Each structure stands twice: as C-alpha cells, then as structure tokens.
Amino acid sequence: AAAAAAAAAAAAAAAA
Amino acid sequence: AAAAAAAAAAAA
Amino acid sequence: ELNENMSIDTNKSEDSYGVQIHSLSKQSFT
Amino acid sequence: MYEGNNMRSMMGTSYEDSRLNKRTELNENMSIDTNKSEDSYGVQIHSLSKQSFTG
Amino acid sequence: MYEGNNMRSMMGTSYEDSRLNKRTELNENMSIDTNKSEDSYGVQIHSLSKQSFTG
Amino acid sequence: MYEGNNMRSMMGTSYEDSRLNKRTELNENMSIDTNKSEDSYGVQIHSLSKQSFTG
Amino acid sequence: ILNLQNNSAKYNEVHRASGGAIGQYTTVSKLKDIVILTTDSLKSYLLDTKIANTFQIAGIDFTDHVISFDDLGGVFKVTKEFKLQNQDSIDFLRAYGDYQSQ
Amino acid sequence: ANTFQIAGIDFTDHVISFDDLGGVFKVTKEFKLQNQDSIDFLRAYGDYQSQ
C-alpha cells in the first residue's frame, strides 16, 4: 500500500 | 515490501 | 503455494521514474 | 598437490596466474554521465569550455 | 638569447608583446542578456529606459 | 690477469662460470639402496603401499 | 514489458536446447533483470513523446532500462568458407591491424 | 511550452543561432577586376586597395 505523487499542477520552472 | 524505481545505479 | 510475490512484488511497472541507468545486476548463481 | 620444484621462469609463475594490471573498464564513464540528455533548464548560453588538447 | 642591445626605436622593440591593448570585446554581452527571450513572469509593462546616445 | 671491466650480461661474468644447481645426480638410488633382491625370510604379505600420485 | 512478469512458456526458446526440443518451460522475471535493446531514434521518441506529452508519468518512465546505439549493424558474418587471393584485400585488412593474414 | 515534463530534457543551453546563415560569398574561377562601378561598390565597404 503505497501512493505515488501526482503532479496535478506542477509546471516545473528551473534556473541556470 | 513494495519499492519504487527498482533500478540501482552502480559506479566505479 | 506462493512464496515469492507475484502481482505485488512483481507485475509492476508503476515503479520507475528516475532519469538514470544501470538496473543491470547480473546476479550470482546457485 | 604435487610440489616438484615450482621453479621455472614461464610455465612456472606463468601457468597458474599472473598480475592483472589493466582492467579494460569504464573509467571513461559512459551510459551514466555520457549517453545523457538530462541537462538543466533556464537562462542560457556559454557552458562551452575547451582545453589545450595536448592530451 | 643574444643580447647586444635589443632596445632600438621600433622593430627592435616590436618582436616582443608591443602594447597589448583594446581587446575585441564581449564586454557588452551577447548571447546571454542579449539573445534572451527568457524573461520573468511579469506583472505589468512598467517602463523602458530611454537612452539618449550622445557620443 | 688483464684487469679490464669483466662486465657484460653474457660472455662477461657468464663466460667463466654460472650459478650451479644440480648435476643430474643419483638421488633415486640405482644399485646401492635400490636395485635390491636382498629381502627377508619369514611370514609374508602387504609391503605394498599406495600413494595418491596426483602430482 | 509486463508480458514478461506473467507465468508463461511462450517467451523463452528452450526448444532449441539439446534435450528439450518438444515440451514447454515456464519462467518469469523481476524488473531488476529486464533490459531492452534498441536504436537511439525511438529512444529519443520515448524521450519526447511518451514522457513529456504524458501528463502523469511518475511511475511509468521505464527509460532507466534502455540502452541504445547509433546503428545496430556495423559487423559482418561469413556464410561460405573461402580463401584470400587479392593483394588489396591484404592491404585493406592490415589497414585495420590484421597483419598476420596472407 | 506545450509539453509537460521538461525538467531534464531541455537541450536549449547549447543552441546558438543566427538570423540568416548566409551573407557570405566564395570565389570560383579566379577572375580579375575590370569595371569601374565594381570597385566603386567595393569602396562603399572600405575596400580601397583593389584596382
């Protein structure tokens, strides 16, 4: 019984 | 005994 | 009997995300 | 089991084993950091350094 | 290696460094702040500095 | 007599002698302590041993 | 993938063994042991279409088990046993280090 | 933009570009200069030494 995460609103911004 | 990302990277 | 677990410890593809390499473990023999 | 002499230049000290010196291995790391399209994301250019390439 | 007197007026002093100056520039920046459509998630259109080029 | 150098790998310090190990001797005794027919006279059997002889 | 982790005898090739020509043999696998082999083109097709268009990806991304190559043929095999006759063939072979061939 | 998992797969840091990839010209056939307006057009760009 384990749940994987849900990226329901994750619009990933990164820097570099 | 459940595990995620069943790979295990090995280096040298 | 079942000892080693199918459909819970096996029949899984819900477990892999990471952007990597080397699941290649040639295990030892009997 | 049989001792005999165990004293010969080659086929003594050569028939049983010798020193493995090179390994022919992946120190030039490939499939991990090479074969890798998994870079960053963001503001960009000029991550391009070149060396003197005498070696 | 031979000395004599290496200093004469010109071409006796030209074969050394001869006044390194005025490097061809990226001092004003290109491909980083220029060629950059990577601007932030803005809030309004506030202002743009009108520059009066005078010389 | 002549002093010289006396040195080379072979034909110097190898021309007059070498290291000696073994002169192909009788250690296994033929006609001293074996080549025997001089055995005992009495009750009898089983002076017959067997080694592994795997080496 | 996950055809492999079912109890099946269809996925081996034990019929090419010596004493096992006819009859079956079931086996499975454990996901610590499956790797795929492919060329790099559809590896890249996985690395843009199936992983970046897919909104929820957090358990599915099986690219960890992928090795690829440029081409999957650069080698050569011989059918008919034969003999060397031509001098440029010797030159071309020792162009790659094969000195001993005559 | 229109994809959803660009945390690692963005190669855009190694992309240099240009507006157009040609304003440049290569000589063939090894000609000479003959006409006045040709070198006059060359004078418009700093090329003085050719006649």
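Residues numbered from 1 in each chain as written, not as in the entry; some residues may be left out. Chains lettered and ligands numbered in written order. Part of a larger assembly, values for the part shown. Heavy atoms only, no water. Residues with missing side-chain atoms left out of burial classes, pairs and counts.

Per the PDB record, the structure was determined using cryo-EM to 3.8 Å resolution.

In this section: the overall build of chain C. The number of helices and strands found in chain C is 0 helices and 0 strands. C-alpha atoms of chain C, sized along the principal axes, occupy 35 × 30 × 5 Å. Of the roughly 2,500 Å² that chain C leaves accessible, carbon and sulfur atoms contribute 47%. (Helix = DSSP H or I, 4+ residues; strand = E, 2+ residues; numbered from the N terminus. Areas by Shrake-Rupley, 256 points an atom, 1.4 Å probe, with all protein chains shown as cover.)

This brings us to the overall build of chain H. Counting secondary structure elements, chain H contains 1 helix and 0 strands. Against the 2.2 N^0.38 benchmark of 10 Å for 51 residues, chain H shows a C-alpha radius of gyration of 22 Å, more extended than a compact globule. Along the three orthogonal principal directions, the C-alpha set of chain H runs to about 60 × 25 × 20 Å. A buried classification covers 16% of the 51 residues belonging to chain H. When the accessible surface of chain H is split by element, carbon and sulfur atoms take 59% of a total near 4,900 Å². (Rg over C-alpha atoms; globule rule 2.2 N^0.38 Å. Buried < 20%, exposed > 50% of the residue type's maximum accessible area, 1.4 Å probe, protein only.)

This part takes up a nonpolar patch on the surface. Together, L26, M30 and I32 of chain D line one region of the surface with nonpolar side chains, adding up to about 240 Å² of accessible area. Among the residues examined, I32 of chain D registers a relative accessible area of 33% and is labelled partly exposed. (Patch = residues over 30% accessible without salt bridge, like charges linked within 9 Å, V, L, I, M, F, W, Y side chains within 5 Å. Salt bridge = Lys/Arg side-chain N within 4 Å of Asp/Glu carboxyl O.)

Below, the discussion takes up the environment of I51 of chain G. Positionally, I51 of chain G belongs in helix α1 (residues 40–52). Judged by relative accessible area, which is 12%, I51 of chain G ranks as buried. Along the chain, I51 of chain G and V14 of chain G lie 37 residues apart, while their C-alpha atoms are 36 Å from each other. Setting aside chain neighbours within four positions, we find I51 of chain G in contact with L46, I57, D61 and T63 of chain G together with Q5 and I9 of chain H. (Contact = heavy atoms within 4.5 Å.)

What follows covers the interface of chain C and chain G. Taken residue by residue, the interface counts 16 residues in chain C and 19 residues in chain G. For the chain C and chain G pair, buried surface summed over both sides reaches about 1,700 Å², with 48% attributable to carbon and sulfur atoms. Contact with chain G buries area across many residues of chain C, yet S16, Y17 and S23 of chain C alone supply 30% of it, more than any other trio. Remark: the boundary between chain C and chain G carries 0 salt bridges. On inspection of chain C and its partner chain G, the count reaches 9 residue pairs in polar contact. A class-by-class count of the residues in the side of chain C that touches chain G yields 3 nonpolar, 10 polar and 3 charged. (Buried area = accessible area lost by both parts, 1.4 Å probe. Polar contact = N/O pair within 3.5 Å; in protein donor to acceptor, adjacent residues only side chain to side chain. Nonpolar A, V, L, I, M, F, W, Y, C, P; charged D, E, K, R; others polar.)

Between the two copies, chain D and chain E, the superposition gives an RMSD of 1.5 Å; the rotation angle is 61 degrees and the shift along the axis is 1.1 Å. The transformation just described matches what one would write down for a six-fold rotation axis. When each C-alpha of chain D is compared by its distance to the rotation axis, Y41 of chain D comes out closest, at 16 Å. (Least-squares fit on C-alpha atoms.)

All names here are of chain G. A rise of 1.5 Å per residue sets the reference length of α1, with its 13 residues, at 18 Å; its end C-alpha atoms lie 17 Å apart and thus fit the reference within 8%. The largest bend in α1 is about 30 degrees, located at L46. For α1, the full list of buried residues reads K43, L46, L47, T49, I51 and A52. Of the surrounding secondary structure, the elements contacted by the buried residues of α1 are β2 (66–67). (Expected span 1.5 Å × (residues − 1). Bend = angle between axes of the 7 residues up to and from the residue.)

With that settled, consider the packing of aromatic side chains. By the definition in use, this model includes 3 aromatic pairs over all chains. Seen in terms of ring centroids, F55 of chain G and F4 of chain H are 5.4 Å apart; in terms of plane orientation they differ by 85 degrees. Their pairing is edge-to-face. Taken together, the positions of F55 of chain G in the loop between α1 and β2 and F4 of chain H in the segment before α1 (36–43) put the pair across two chains. On the accessibility criterion, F4 of chain H (40% relative accessible area) is partly exposed. (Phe/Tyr/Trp six-rings, centres within 6.5 Å; stacked < 30°, edge-to-face > 60°.)

Of the residues examined, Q44 of chain D reaches a relative accessible area of 18% and is grouped as buried. Only 2.9 Å separates the side chain of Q44 of chain D from the side chain of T12 of chain H, close enough to count as a polar contact. If near-sequence neighbours (up to four positions away) are discounted, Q44 of chain D is found in contact with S31 and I32 of chain E together with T12 and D13 of chain H.

Moving on, we come to empty space enclosed by the protein. Gaps between atoms show up when a probe of the same size as a water molecule is rolled over them. Put simply, the largest cavity is a space of about 40 Å³. Lining of the largest cavity is provided by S40, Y41, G42, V43 and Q44 of chain D together with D10, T12 and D13 of chain H. (1 Å grid on protein atoms, 1.4 Å probe; cavity = no way out; pocket = protein on both sides within 12 Å on 5 of 7 lines; lining within 4 Å. Points joined across faces, edges and corners; volume = space filled by probe spheres on them.)

Counting residues at the interface gives 5 residues for chain D and 7 residues for chain E. On the chain D side of the contact with chain E, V43, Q44 and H46 of chain D bury the most area, a combined 74% of that side's loss. Connecting chain D to chain E are 0 salt bridges. Inspection of the chain D/chain E interface yields 0 residue pairs in polar contact. Split by residue class, the side of chain D that touches chain E holds 2 nonpolar, 3 polar and no charged.

Another aspect to go through is the arrangement of the chains. The structure contains 12 pairs of chains in contact, of which chains C and G account for the largest number of contacts. Left apart from each other, chain A and chain E have a closest C-alpha approach of 10 Å. As for chain F relative to chain A, no contact occurs, and the smallest C-alpha gap between them is 61 Å.

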